[PDB]
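Q: Handing you a structure now.
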Amino acid sequence: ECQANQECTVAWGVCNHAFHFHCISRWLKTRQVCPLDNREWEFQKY
Amino acid sequence: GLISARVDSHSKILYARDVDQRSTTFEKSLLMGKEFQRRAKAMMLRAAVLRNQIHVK
Amino acid sequence: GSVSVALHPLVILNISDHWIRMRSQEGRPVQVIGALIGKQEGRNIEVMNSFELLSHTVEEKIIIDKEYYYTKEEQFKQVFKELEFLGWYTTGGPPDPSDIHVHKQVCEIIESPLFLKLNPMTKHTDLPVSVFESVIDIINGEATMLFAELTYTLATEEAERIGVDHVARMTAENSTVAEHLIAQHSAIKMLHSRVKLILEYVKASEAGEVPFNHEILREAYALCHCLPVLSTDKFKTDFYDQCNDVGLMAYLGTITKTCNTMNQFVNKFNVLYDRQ
Amino acid sequence: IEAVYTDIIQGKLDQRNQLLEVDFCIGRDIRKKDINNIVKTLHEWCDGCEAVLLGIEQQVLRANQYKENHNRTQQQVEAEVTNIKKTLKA
Amino acid sequence: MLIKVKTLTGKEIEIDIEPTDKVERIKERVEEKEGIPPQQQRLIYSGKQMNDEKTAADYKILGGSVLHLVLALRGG
Amino acid sequence: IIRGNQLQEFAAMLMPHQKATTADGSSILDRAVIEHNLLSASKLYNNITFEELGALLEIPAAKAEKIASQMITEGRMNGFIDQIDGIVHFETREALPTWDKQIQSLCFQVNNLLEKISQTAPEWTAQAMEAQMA
Amino acid sequence: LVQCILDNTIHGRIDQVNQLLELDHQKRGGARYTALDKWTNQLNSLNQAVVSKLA
Amino acid sequence: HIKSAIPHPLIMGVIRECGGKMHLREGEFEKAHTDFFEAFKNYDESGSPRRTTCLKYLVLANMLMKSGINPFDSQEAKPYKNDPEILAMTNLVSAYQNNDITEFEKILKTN
Amino acid sequence: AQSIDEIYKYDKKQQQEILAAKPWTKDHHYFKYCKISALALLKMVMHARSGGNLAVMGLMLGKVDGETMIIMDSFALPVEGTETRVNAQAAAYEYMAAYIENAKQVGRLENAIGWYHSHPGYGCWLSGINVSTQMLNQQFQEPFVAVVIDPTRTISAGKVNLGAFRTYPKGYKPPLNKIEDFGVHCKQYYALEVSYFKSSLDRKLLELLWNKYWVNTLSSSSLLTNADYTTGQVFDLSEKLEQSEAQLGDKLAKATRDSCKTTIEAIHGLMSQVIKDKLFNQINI
Amino acid sequence: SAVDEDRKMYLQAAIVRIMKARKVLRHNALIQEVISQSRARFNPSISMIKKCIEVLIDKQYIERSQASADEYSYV
Ligand SMILES: [Zn+2]
Ligand SMILES: [Zn+2]
């Protein structure tokens, strides 16, 4: 998303899955779970 | 009104009719206006006959 | 041209509001004097705001109440940091001896106060609003200083320009259709003026008046070839679509208004001819 | 297309209707015998502008007259009803 | 002496206390009669907020010299 | 629109891996140029048939439609495809907005012409404005 | 195609006689017409309410 | 119903695999996906034989819930992507996501 | 002239009569209209933008007429507020005490009518502290109104974004679309309908300084830019008419006024289109 | 630590401003908005953000919704 049109960093979860911060931000506005393990998402590390 | 369609019995084909929202809105509004005018012109006459206290004994 | 002046579309509003307030309070238009403040960035004099000033009339002359000026200056200096005294404004006609008399008192505060005249009754060649500066003449003997008119620019920020654009787009005992048609009239007048100027240039360059430019004449030919604008059959159908849509809306609004009127008539008929 | 590239004309090609729609075209050379055409076209434009302005002024006057008539009728009705209310309080 | 306290909205309240009267009794009387909390009121004289200094001695109060009552104004 | 004749020199200087085909006989260069030509023709055409779209793109009749539909469903270009008529529509103008744009262009032309007249004969322009105001 | 259309997944209809699928690149801003229809219905109801009050 | 237990990561593998299987049989693919992911995580943490069986089931559940997000994008499942018993499944996902009928059918027919 | 010269003529007899009657003590839903002058609006916008992302606020001058609050001027209090909170500790009070007297000296007869306050980036609404302050100011200064202006939203959207609100008194016992636009105290206050007015001389100089945007109006072409707004007005008017006929068994007058306003704006757009067609399309055949 | 106090104050101010901007939010949305706003100066720590949220809840700046405990409302 920043590639096609623009700081991009990593955003880890309690499962330590490390998606893009912007990608997980866009994902969280529709789904409340982690994309990979399908568990409740909680932010951790940045 | 369960199915919005039209039967063509020559070639035996069931076509689907598409209601033109613009045209049906216009015709419904015009019919409502005509009904309004008729109702109002009847109400005016009723007011005229009640003001004169006209009734059949 | 000596010093350049930049004006904001707030000082004029303040002056107009002050003048109308005094006119309404006294019942007739009166002469008002106020103080112009702003920034002094060297060569540019940016008038940003203004406040009403207290003046007393003695015989026929006017004296600015200096103590009120000092109190209001100490009062506003804690709200507008980078805004100091710039000059004074007055509503009226031409610069008269009364104006120069008031300037003779204002000039003891700053080195060169400005003057901003607002004339709502202008029907002559000079602009209704004007800016003046006192010039010390070199004439020997009793040298009466002159009042030189200085031009002003139309510098405006994006935000304030958008604000006045919004306040101008909106409308509203004047009739609404009259105001809308006057708004259209103001723009058609400008378009007509531009087209008439171009037509006069073409007519003059035709025979002998102005040395004609081939480029300008060709651009005028293109402008003439630009009409009619979108005379296609497709446009002529969408235009009548819009006309019929607005006509249906007008019919429904008329029906609603007649419904309200007949409701009122029925109510009054029932409260007069109440029969049980 | 190659004429559109030279920017003399700007437009689009409609193959379905077999049409070329032109939004803008440059002004070709004008000789000293058809300037009267420019004068006539600009005069017609000015006449149309004058007629539109006159019609707008006439409609503004008519709307103001209608508004003033409505206000006068409302105030006259108000005066009559308060007069009848005053004489009814005997 | 007769103070003519006024709010910025134009509401005027007339109060008649003695030129030499203990502040506590007048304070208790106003809070018991009109119930005005002291937490939001501010009394301004000549553009200066009044503090706990000497009163009715340095000030030349004459028939209610416009004592301004201002309420608390906070927002966000 | 880039014809192939001006790309023969460009294809020679490409690095070898950039010269690889796409398992259909067409290399990378004459697929990017095909997409570029089709996108640029989307701006010069209101609509175009498959045969004509392939005539100016050298792709015969069918892969033209395939590439046109592939540039859509990705947002790379606007337009739809009527396969019954074999026509790609790129952009439709809704008459009234076009009327607005043409009126704005006419007013801009008037303003530019007046500016040119003022900058050409300033004294005449000043005297003409003075006479007009009267 | 029938299954996908019945599931609201595909916005289109099928020409059985021509063996076609016509998509639904339609339905522009017609909310104005629905608003006008609601206005007309409310006006009719208000008509019947006001006219039939007493006379 | 138990929420206060600290069991071996083989018990949590068995019961989570059972839950994933029952969710798959009933048709709740969304719950089967997370159940199989938890079972595979526990089996990978401790164990070996019953490891590349819950990964296949997790792949199938992910493909049965409209796909999106590669199962072999997490830390746990990535090393086993090239496993001989998981190569068919990762190829099936690579064909399923970024959909292409030819590759999917070829992988099906070959395996 | 004359009739349009009104609202600027300030009389003290009517003000004293409405302030002594105190009719708002009985009807809590009294004030429904807020008529703000152009000068007050402009000063509010410039002051709000001057503070940037820090909150700034000030006072208002004006009067009351019937059920309408008229705003004729704006203040500028010397308050140094944080990015989300303004306090007005000790200098604002003395400043507003002195400014009223200074304005009395020059001829400003309008008294304090309310307070305006900036919300830099959080819409226009009354928070808990705003509600508390406004309700206190209403309880002790009965004619009052709280105006909130968003500078950043106004600049971003290109439209003036401000609102006027009045709180209900404590203990006023009498859907889901009023919880995100407003705060949790949304039921503790109500929004007055806000309208703007200008004077004859102000509009005279505004039309005089209107010489660059004639192209914008000659191709403005409403009924397309305000199509969504018009259909929104229409489907709100249908519900208003439904409420009016339910009352029938004056809401009907208000519904008729709204219908007239929407229809008049539509016919104004059509008049613009007709004028443009006459100007540009009936020339050169 | 001066930097720790500065970061805590910045986070509290950002949380208050965001809560005024939205007037209602979820925990994940609040954390995401706080991170996106304060990434200009430093990388926030989720523990510090949660501590600031708790200390603002205690200070009656924001409140937890009765229906759901993961939703915050500005008061
Ligand atoms: Zn990014
Ligand atoms: Zn996870």
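The way I read the labels, and the way they are meant: chains A, B, ... in the order of the structure tokens, residue 1 as the first residue of every chain, and ligand 1 as the first ligand shown, with later ones counted on from there.
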Applying 12 Å and only C-alpha atoms, which residues near residue 1 (chain C) remain after dropping the ones on its own chain fewer than 3 positions away? List them as a list in words.
A: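 Here the answer would be residues 4, 5, 43, 44, 133, 148, 149, 150, 151 and 152 of chain C.
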Q: Would you write out those residues with C-alpha atoms, as a PDB file, in the first residue's frame?
A:
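out-v4.pdb written:
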ATOM      1  CA  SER C   4       3.192  48.810  -0.408  1.00  0.00           C
ATOM      2  CA  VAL C   5       0.038  47.921   1.530  1.00  0.00           C
ATOM      3  CA  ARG C  43       8.664  47.384   2.901  1.00  0.00           C
ATOM      4  CA  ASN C  44       5.169  45.859   3.244  1.00  0.00           C
ATOM      5  CA  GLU C 133      -0.343  58.284   3.226  1.00  0.00           C
ATOM      6  CA  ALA C 148      -0.937  60.691  -1.502  1.00  0.00           C
ATOM      7  CA  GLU C 149      -3.098  57.774  -2.614  1.00  0.00           C
ATOM      8  CA  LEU C 150      -1.383  54.378  -2.640  1.00  0.00           C
ATOM      9  CA  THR C 151      -2.562  51.236  -4.396  1.00  0.00           C
ATOM     10  CA  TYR C 152      -3.304  48.001  -2.547  1.00  0.00           C
TER      11      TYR C 152
END
Q: Can you tell me which residues surround residue 10 (chain G) at a distance of at most 8 Å, considering only C-alpha atoms, apart from same-chain residues fewer than 4 positions away, and format the answer as a PyMOL selection string?
A: chain G and resi 1+4-5
Q: Which residues are close to residue 13 (chain D), i.e. within 9 Å by only C-alpha atoms, leaving aside same-chain residues fewer than 5 positions away? Reply as a PDB file with C-alpha atoms, in the first residue's frame.
A:
ATOM      1  CA  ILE D   1      -4.608  10.046 -33.704  1.00  0.00           C
ATOM      2  CA  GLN D  18     -18.472   6.413 -36.319  1.00  0.00           C
ATOM      3  CA  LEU D  19     -17.814   9.884 -34.950  1.00  0.00           C
ATOM      4  CA  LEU D  20     -14.977  12.186 -33.923  1.00  0.00           C
ATOM      5  CA  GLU D  21     -15.880  14.386 -30.950  1.00  0.00           C
ATOM      6  CA  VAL D  22     -13.720  17.522 -30.769  1.00  0.00           C
TER       7      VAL D  22
ATOM      8  CA  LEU F  44      -7.847   8.459 -27.510  1.00  0.00           C
ATOM      9  CA  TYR F  45     -10.995   6.326 -27.897  1.00  0.00           C
ATOM     10  CA  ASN F  46     -14.476   6.448 -26.435  1.00  0.00           C
ATOM     11  CA  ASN F  47     -14.824   2.813 -27.522  1.00  0.00           C
ATOM     12  CA  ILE F  48     -13.155   0.475 -29.998  1.00  0.00           C
TER      13      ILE F  48
END
Q: Could you make a table, as JSON lines, of the residues of chain J that have an atom within 12 Å of an atom of chain A, each with its nearest atom pair and distance in Å to one decimal, counting only C-alpha atoms, in chain and number order?
A:
{"residue": "J:25", "atom": "CA", "partner": "A:29", "partner_atom": "CA", "distance": 11.6}
{"residue": "J:26", "atom": "CA", "partner": "A:29", "partner_atom": "CA", "distance": 10.4}
{"residue": "J:27", "atom": "CA", "partner": "A:42", "partner_atom": "CA", "distance": 9.1}
{"residue": "J:28", "atom": "CA", "partner": "A:42", "partner_atom": "CA", "distance": 7.2}
{"residue": "J:29", "atom": "CA", "partner": "A:29", "partner_atom": "CA", "distance": 7.9}
{"residue": "J:30", "atom": "CA", "partner": "A:43", "partner_atom": "CA", "distance": 10.9}
{"residue": "J:31", "atom": "CA", "partner": "A:43", "partner_atom": "CA", "distance": 7.8}
{"residue": "J:32", "atom": "CA", "partner": "A:25", "partner_atom": "CA", "distance": 6.9}
{"residue": "J:33", "atom": "CA", "partner": "A:25", "partner_atom": "CA", "distance": 9.3}
{"residue": "J:34", "atom": "CA", "partner": "A:46", "partner_atom": "CA", "distance": 11.9}
{"residue": "J:35", "atom": "CA", "partner": "A:46", "partner_atom": "CA", "distance": 8.5}
{"residue": "J:36", "atom": "CA", "partner": "A:21", "partner_atom": "CA", "distance": 9.1}
{"residue": "J:37", "atom": "CA", "partner": "A:7", "partner_atom": "CA", "distance": 11.4}
{"residue": "J:38", "atom": "CA", "partner": "A:7", "partner_atom": "CA", "distance": 11.7}
{"residue": "J:39", "atom": "CA", "partner": "A:7", "partner_atom": "CA", "distance": 8.3}
{"residue": "J:40", "atom": "CA", "partner": "A:7", "partner_atom": "CA", "distance": 8.7}
{"residue": "J:41", "atom": "CA", "partner": "A:7", "partner_atom": "CA", "distance": 11.7}
{"residue": "J:42", "atom": "CA", "partner": "A:46", "partner_atom": "CA", "distance": 10.2}
{"residue": "J:43", "atom": "CA", "partner": "A:46", "partner_atom": "CA", "distance": 6.5}
{"residue": "J:44", "atom": "CA", "partner": "A:46", "partner_atom": "CA", "distance": 6.9}
{"residue": "J:45", "atom": "CA", "partner": "A:45", "partner_atom": "CA", "distance": 6.3}
{"residue": "J:46", "atom": "CA", "partner": "A:44", "partner_atom": "CA", "distance": 5.9}
{"residue": "J:47", "atom": "CA", "partner": "A:44", "partner_atom": "CA", "distance": 8.2}
{"residue": "J:48", "atom": "CA", "partner": "A:45", "partner_atom": "CA", "distance": 11.0}
{"residue": "J:49", "atom": "CA", "partner": "A:43", "partner_atom": "CA", "distance": 10.7}
{"residue": "J:50", "atom": "CA", "partner": "A:43", "partner_atom": "CA", "distance": 10.6}
{"residue": "J:70", "atom": "CA", "partner": "A:42", "partner_atom": "CA", "distance": 11.4}
Q: What would the file look like if the residues just selected were written as a CSV table (one decimal), in the first residue's frame with C-alpha atoms?
A:
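Okay, selection-v8.csv is ready:
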chain,number,residue,atom,x,y,z
J,25,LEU,CA,-13.4,3.4,20.1
J,26,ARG,CA,-12.2,-0.1,20.7
J,27,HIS,CA,-9.0,-1.2,22.4
J,28,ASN,CA,-7.2,-2.3,19.2
J,29,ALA,CA,-8.3,0.8,17.3
J,30,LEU,CA,-7.2,3.1,20.1
J,31,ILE,CA,-3.8,1.4,20.3
J,32,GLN,CA,-3.4,1.5,16.5
J,33,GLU,CA,-4.3,5.2,16.4
J,34,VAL,CA,-2.0,6.1,19.3
J,35,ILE,CA,0.9,4.3,17.6
J,36,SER,CA,0.2,5.9,14.2
J,37,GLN,CA,0.1,9.4,15.9
J,38,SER,CA,3.1,9.0,18.2
J,39,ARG,CA,5.4,7.2,15.7
J,40,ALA,CA,6.7,10.6,14.6
J,41,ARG,CA,8.9,10.9,17.8
J,42,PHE,CA,9.3,7.4,19.1
J,43,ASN,CA,8.2,3.8,18.8
J,44,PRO,CA,5.5,3.2,21.5
J,45,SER,CA,5.4,0.3,23.9
J,46,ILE,CA,2.1,-1.4,24.3
J,47,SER,CA,2.6,-1.8,28.0
J,48,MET,CA,3.1,1.9,28.4
J,49,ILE,CA,0.0,2.6,26.3
J,50,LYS,CA,-2.1,0.3,28.4
J,70,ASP,CA,-12.9,-3.5,25.3
Q: Enumerate as a ChimeraX atom specification all residues of chain F assigned to strand (DSSP E or B) by DSSP on the backbone, naming them with the chain letters and numbers the document uses.
A: /F:21,27,45-49,80-82,87-89
Q: Hey, can you spit out that residue selection with N, CA and C atoms as an mmCIF file, in the first residue's frame?
A:
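Once written, selection_9.cif looks like this:
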data_model
loop_
_atom_site.group_PDB
_atom_site.id
_atom_site.type_symbol
_atom_site.label_atom_id
_atom_site.label_comp_id
_atom_site.auth_asym_id
_atom_site.auth_seq_id
_atom_site.Cartn_x
_atom_site.Cartn_y
_atom_site.Cartn_z
ATOM 1 N N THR F 21 10.983 -14.685 -23.320
ATOM 2 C CA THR F 21 9.585 -14.706 -23.717
ATOM 3 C C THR F 21 8.702 -15.122 -22.543
ATOM 4 N N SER F 27 8.101 -11.617 -26.208
ATOM 5 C CA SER F 27 9.036 -11.354 -25.124
ATOM 6 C C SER F 27 8.418 -10.363 -24.140
ATOM 7 N N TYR F 45 -9.789 6.967 -27.398
ATOM 8 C CA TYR F 45 -10.995 6.326 -27.897
ATOM 9 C C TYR F 45 -12.092 6.364 -26.845
ATOM 10 N N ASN F 46 -13.313 6.669 -27.285
ATOM 11 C CA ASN F 46 -14.476 6.448 -26.435
ATOM 12 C C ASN F 46 -14.807 4.964 -26.352
ATOM 13 N N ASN F 47 -14.726 4.264 -27.481
ATOM 14 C CA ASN F 47 -14.824 2.813 -27.522
ATOM 15 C C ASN F 47 -14.196 2.332 -28.821
ATOM 16 N N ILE F 48 -13.828 1.056 -28.840
ATOM 17 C CA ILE F 48 -13.155 0.475 -29.998
ATOM 18 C C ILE F 48 -13.521 -0.999 -30.094
ATOM 19 N N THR F 49 -13.678 -1.484 -31.322
ATOM 20 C CA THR F 49 -13.968 -2.891 -31.536
ATOM 21 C C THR F 49 -12.707 -3.731 -31.365
ATOM 22 N N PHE F 80 -15.396 -1.131 -19.826
ATOM 23 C CA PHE F 80 -16.057 -2.427 -19.800
ATOM 24 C C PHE F 80 -16.030 -3.023 -21.200
ATOM 25 N N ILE F 81 -16.463 -4.277 -21.300
ATOM 26 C CA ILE F 81 -16.373 -5.046 -22.534
ATOM 27 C C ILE F 81 -17.747 -5.615 -22.853
ATOM 28 N N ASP F 82 -18.275 -5.273 -24.023
ATOM 29 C CA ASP F 82 -19.470 -5.909 -24.568
ATOM 30 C C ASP F 82 -18.985 -6.928 -25.589
ATOM 31 N N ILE F 87 -16.921 -4.885 -28.395
ATOM 32 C CA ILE F 87 -16.526 -3.492 -28.233
ATOM 33 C C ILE F 87 -16.058 -3.253 -26.803
ATOM 34 N N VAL F 88 -14.908 -2.600 -26.663
ATOM 35 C CA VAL F 88 -14.402 -2.134 -25.378
ATOM 36 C C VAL F 88 -14.741 -0.658 -25.250
ATOM 37 N N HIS F 89 -15.436 -0.302 -24.174
ATOM 38 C CA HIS F 89 -15.761 1.082 -23.862
ATOM 39 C C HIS F 89 -14.824 1.569 -22.767
#
Q: As a quick test: using only C-alpha atoms and all ligand atoms, which residues lie no more than 6 Å away from ligand 2? Give them as a PyMOL selection string.
A: chain A and resi 15+17+34+36-37+39
Q: Residues of chain A that have any atom at most 6 Å from an atom of ligand 1: could you tabulate them with the shortest-distance atom pair and the distance in Å to one decimal, using only C-alpha atoms and all ligand atoms, ordered by chain and increasing number, as a Markdown table?
A:
| residue | atom | partner | partner_atom_place_in_ligand_line | distance |
| --- | --- | --- | --- | --- |
| A:1 | CA | ligand 1 | 1 (Zn) | 5.5 |
| A:2 | CA | ligand 1 | 1 (Zn) | 4.3 |
| A:8 | CA | ligand 1 | 1 (Zn) | 4.5 |
| A:22 | CA | ligand 1 | 1 (Zn) | 4.7 |
Q: Please provide the set of residues having any atom within 12 Å of residue 48 (chain B), restricted to only C-alpha atoms, with same-chain residues fewer than 6 positions apart removed, written as an NGL selection string.
A: (:B and (41-42 or 54-55)) or (:C and (266 or 269 or 273)) or (:G and (55))
Q: Can you pull out every residue within 9 Å of residue 40 (chain C), counting only C-alpha atoms, but drop anything in the same chain fewer than 4 positions away, and send it as an NGL selection string?
A: :C and (44-47 or 83-84 or 86)
Q: With 6 Å as the limit and counting only C-alpha atoms, what residues in chain C lie close to chain I? Please list them as a ChimeraX atom specification.
A: /C:24,54,79,173,187,228-229,250,253,257
Q: Those residues you just picked out, can you put them in a file as a compact mmCIF listing (two decimals), in the first residue's frame with N, CA, C and O atoms?
A:
# COMPACT_ATOMS: atom_id res chain seq x y z
N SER C 24 -27.38 53.05 12.78
CA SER C 24 -28.60 52.56 13.41
C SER C 24 -28.82 53.19 14.78
O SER C 24 -29.97 53.48 15.15
N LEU C 54 -12.33 55.94 19.95
CA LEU C 54 -13.15 56.98 20.55
C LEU C 54 -12.64 58.35 20.12
O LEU C 54 -11.46 58.66 20.28
N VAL C 79 -3.48 39.78 23.08
CA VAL C 79 -4.18 38.83 22.24
C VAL C 79 -3.52 38.71 20.87
O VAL C 79 -3.37 37.60 20.34
N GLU C 173 -35.85 41.42 3.76
CA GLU C 173 -37.01 40.75 3.19
C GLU C 173 -36.92 40.69 1.67
O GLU C 173 -37.92 40.84 0.97
N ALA C 187 -22.30 37.90 -12.77
CA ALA C 187 -21.34 37.15 -13.56
C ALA C 187 -21.57 37.30 -15.06
O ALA C 187 -20.60 37.37 -15.83
N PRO C 228 -21.89 27.09 -31.15
CA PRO C 228 -22.58 26.85 -29.87
C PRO C 228 -21.87 25.80 -29.02
O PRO C 228 -21.17 24.94 -29.54
N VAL C 229 -22.04 25.87 -27.70
CA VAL C 229 -21.37 24.94 -26.80
C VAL C 229 -22.26 23.73 -26.60
O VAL C 229 -23.32 23.82 -25.97
N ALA C 250 -41.00 20.69 -8.47
CA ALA C 250 -41.82 21.88 -8.29
C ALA C 250 -43.29 21.54 -8.13
O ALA C 250 -43.99 22.15 -7.32
N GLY C 253 -43.70 20.20 -4.60
CA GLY C 253 -43.65 21.30 -3.64
C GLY C 253 -44.91 22.15 -3.66
O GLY C 253 -45.39 22.58 -2.61
N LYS C 257 -47.50 22.81 -0.59
CA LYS C 257 -47.92 24.14 -0.16
C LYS C 257 -49.44 24.27 -0.18
O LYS C 257 -50.04 24.83 0.75
Q: Can you tell me, as a ChimeraX atom specification, which residues in region 138-215 of chain I count as helix (DSSP H, G or I) by DSSP?
A: /I:138-140,151-157,186-188,200-208,214-215
Q: If you measure from CA of residue 7 (chain E) to CA of residue 69 (chain E), what distance in Å do you get, rounded to one decimal?
A: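 We find that CA of residue 7 (chain E) and CA of residue 69 (chain E) lie 4.9 Å from each other.
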Q: Find the spatial neighbours of residue 110 (chain I), counting only C-alpha atoms, within a cut-off of 7 Å - ignore same-chain residues fewer than 6 positions away - and output them as a PyMOL selection string.
A: chain I and resi 61-63
Q: Limited to N, CA, C and O atoms, could you put the picked residues into a file as a PDB file, in the first residue's frame?
A:
ATOM      1  N   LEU I  61     -21.165  38.718  21.723  1.00  0.00           N
ATOM      2  CA  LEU I  61     -22.094  39.796  22.008  1.00  0.00           C
ATOM      3  C   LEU I  61     -23.336  39.619  21.145  1.00  0.00           C
ATOM      4  O   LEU I  61     -23.261  39.113  20.022  1.00  0.00           O
ATOM      5  N   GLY I  62     -24.483  40.021  21.682  1.00  0.00           N
ATOM      6  CA  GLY I  62     -25.723  39.861  20.939  1.00  0.00           C
ATOM      7  C   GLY I  62     -26.941  40.112  21.800  1.00  0.00           C
ATOM      8  O   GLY I  62     -26.874  40.821  22.810  1.00  0.00           O
ATOM      9  N   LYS I  63     -28.054  39.514  21.387  1.00  0.00           N
ATOM     10  CA  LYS I  63     -29.340  39.759  22.025  1.00  0.00           C
ATOM     11  C   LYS I  63     -30.252  38.559  21.805  1.00  0.00           C
ATOM     12  O   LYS I  63     -29.861  37.554  21.208  1.00  0.00           O
TER      13      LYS I  63
END
Q: F:23, F:126, F:110, F:131: which is nearest chain C, counting only C-alpha atoms?
A: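 For chain C, the nearest of the candidates is F:110.
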Q: Identify which of the residues G:18, G:34, G:9, G:52 lies closest to chain C, counting only C-alpha atoms when measuring atom-to-atom distances.
A: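 The closest residue to chain C is G:52.
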